[PDB]
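Let's start with one chain on its own, the form deposited in one PDB entry, as structure tokens.
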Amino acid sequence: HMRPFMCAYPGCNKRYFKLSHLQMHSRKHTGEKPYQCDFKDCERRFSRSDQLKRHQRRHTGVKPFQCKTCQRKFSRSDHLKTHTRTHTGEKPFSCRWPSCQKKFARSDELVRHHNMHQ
């Protein structure tokens, strides 16, 4: 005998003989943070799937993004982008305090500068 009922979630193929058991299962997808890491002793939950798959690069230590200049590898592409700013010397973020023409290569660098102005 096979079960009549099923979860309509795209990926949950759990089937139940009883409707009561499917009802309890249906509330598992009503997800505070559905995506959870299943690496040993991490169990960290995330809101999106791509955020979890980015986090799991910590357990594997993979660095798929490499700098074309200094050959250094990085775990994420955005961190590679600002690393290239270290080589090219560009500083888009400029301080907007009077009589202070100071530029930085990262937004959080300018924020730290704006706070030290006070």
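All residue numbers refer to positions in the sequence shown, first residue = 1.
Note that the form deposited in another entry isn't included here; everything after this is about it.
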Assigning every C-alpha to the better-fitting rigid part between the shown form and the other one, would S94 and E109 get the same assignment? yes
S49 to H29, Cα distance in that other deposited form relative to here: closer or farther, by 3 Å or more? farther
Just to spell it out: taking the C-alpha atom of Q23 and the C-alpha atom of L52, is that distance smaller or larger in that other deposited form than in the structure shown here, given it changes by 3 Å or more? closer
